[PDB]
Structure formats: structure tokens, C-alpha cells
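Shown next as C-alpha cells: one chain only, the form deposited in one PDB entry.
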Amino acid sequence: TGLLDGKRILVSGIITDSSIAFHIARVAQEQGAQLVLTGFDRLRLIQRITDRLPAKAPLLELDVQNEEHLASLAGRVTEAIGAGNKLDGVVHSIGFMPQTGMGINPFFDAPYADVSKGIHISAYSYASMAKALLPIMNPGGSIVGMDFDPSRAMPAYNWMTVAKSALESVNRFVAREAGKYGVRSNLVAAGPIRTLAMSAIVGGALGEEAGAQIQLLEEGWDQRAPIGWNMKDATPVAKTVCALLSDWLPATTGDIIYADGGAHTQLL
């Protein structure tokens, strides 16, 4: 027992109890992992949420757009897990795109300054995070990031889709670098999940305009999924991420694992 028994995994991206990163952390601990969490901006509020996990764990601040945060990351993580110890896993569950580039706003009306910001946080940070943490990762390690299949365009997602396409490409290169440390790098392309952020997006940025398309688009996942899809349950996704963090997918890297009920393999 204990899928991640005796493993040191840094999990990023927790902002609310609905965050995918929160469920990844939970299942991870339930499987015997010692976690190190990173938060952005409102650390106090994050701490409130994190304290609801199965076990306690170090919470460090990390704004992936801040050079010093990334420059001190390794040292700060080492102080947290104790000198002489290294990380066995890294979870990147960070994403962002201003309303201008994701929602009801026209595709052609997104200022690059906004798009660039979204790509910085959603894609480039996967590499900067890898750079800061690879030096303190043990062989057999695993870096995992969250993705949303951008192989085909769709309503509303717009520039966040572009950001995910960049992410998938960044992951392939991070895998080359990571390989030098005996570490694997992969993405988990999850089906739609009703996280607070997602729920806000779905509605708070479309009203009754795109609300239709997004409703249909959304309903399509469960229809297409041979084993169905429950947008209100992040657990299957969290389990998939822990699977990549374990030693049971030792020959897979620079890849993408789809945790979407099999929806992307079906047309109707």
C-alpha cells in the first residue's frame, strides 16, 4: 500500500478547495507522500485551504513571474524538506489568461500584452519551474503539468487554447532537459472540471451569448466518453497525476496522458 510511499512531491497551484491541485495533493498524501506546497499572492487564504488536507505540509510563496521567487525556490524548498534531501516529484497546476483572451471577448480583440502574460504563466513557467527544481530532484523523478487538449479549436477557450498548445511543446523540451537528471516530464490532459476558476469562466465571461456553445461543448464530454465524464469529480484526474508521479509509468516522458473518460478518442 502507499502508491507514493516515502516520496517528496512539490505540488503547486492551490487557490481554493476546488482547485485540481488541491485534489492532487490530497490523493498524493493519502498515498504516503510528503508534500511541499507553493502558493501565489494570498498565502494566508491558501494556508486556510491547505490546512484541510489529510496531513500538514510546508507552504512556500511562488509567483512564477517573479525572478527572485524562482531563483530562491530550490534553496527555500531544501530548507523545507531538509538539507541532504531532494524532491521526487513536481506538480505544475498553474494557469491563467486575462478575460480579454478567454471567454466571450472576440478572438481578435486580445492585446498581446494580455496574451503574453497568459502564456508566461501558463506555458513558459513549466520550463522555469523545471529549471529551478531539476537540480534538487532524484533520478526516477517525475514532473507533471496540467493540460487541456488544444489540438482542435473550440468556442470561448480562445487564447488559453494557444497557451496550452505552447505548453505541450514546452513539455517536450523540458523532457529532454529532465532526462539528463533521470527525470520524466509529462502532462495530464484532463476533461472539463468545475473548479471555481472554471465555473467563473463558464458564465461570468459569457452570460447568454456564448453560454450556449459552452453548454453544448461541455455536455459533449460525457456524451463522447465511453465511460462517461463527471465534471464535478476531480479525483480521477488527481489519481492519473499520481500515476505519473509513481514508478508505474517509468518509460513515458515528453508525453500527454488523457484523463477525460476517453472523450478525445471519440467523434460522437
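Whichever C-alpha set is largest while still superposing within 1.5 Å between the two forms counts as the rigid core. All residue numbers refer to positions in the sequence shown, first residue = 1.
From this point on, the text means the form deposited in another entry, which you will not see here.
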Problem set entry | Mobile residue between the shown form and the other one, C-alpha criterion 2 Å or more, rigid core, from 202, 243, 53, 60 | 202
Exercise. Has the Cα of residue 223 moved 2 Å or more between the shown form and the other one, judged after a core fit?
Worked result: no
Problem set entry | Large Cα move at residue 43 between the shown form and the other one, threshold 2 Å, rigid core | no
Exercise. Rigid core fitted, then: does residue 33 show a CA shift of 2 angstroms or greater between the shown form and the other one?
Worked result: no
Exercise. Hey, the CA atoms of residue 215 and residue 109 end up closer or farther in the other form than in the shown form, with the change being 3 Å or more?
Worked result: farther
Seminar exercise, completed: Working note: in the other form the C-alpha atoms of residue 202 and residue 96, off by 3 Å or more, come closer
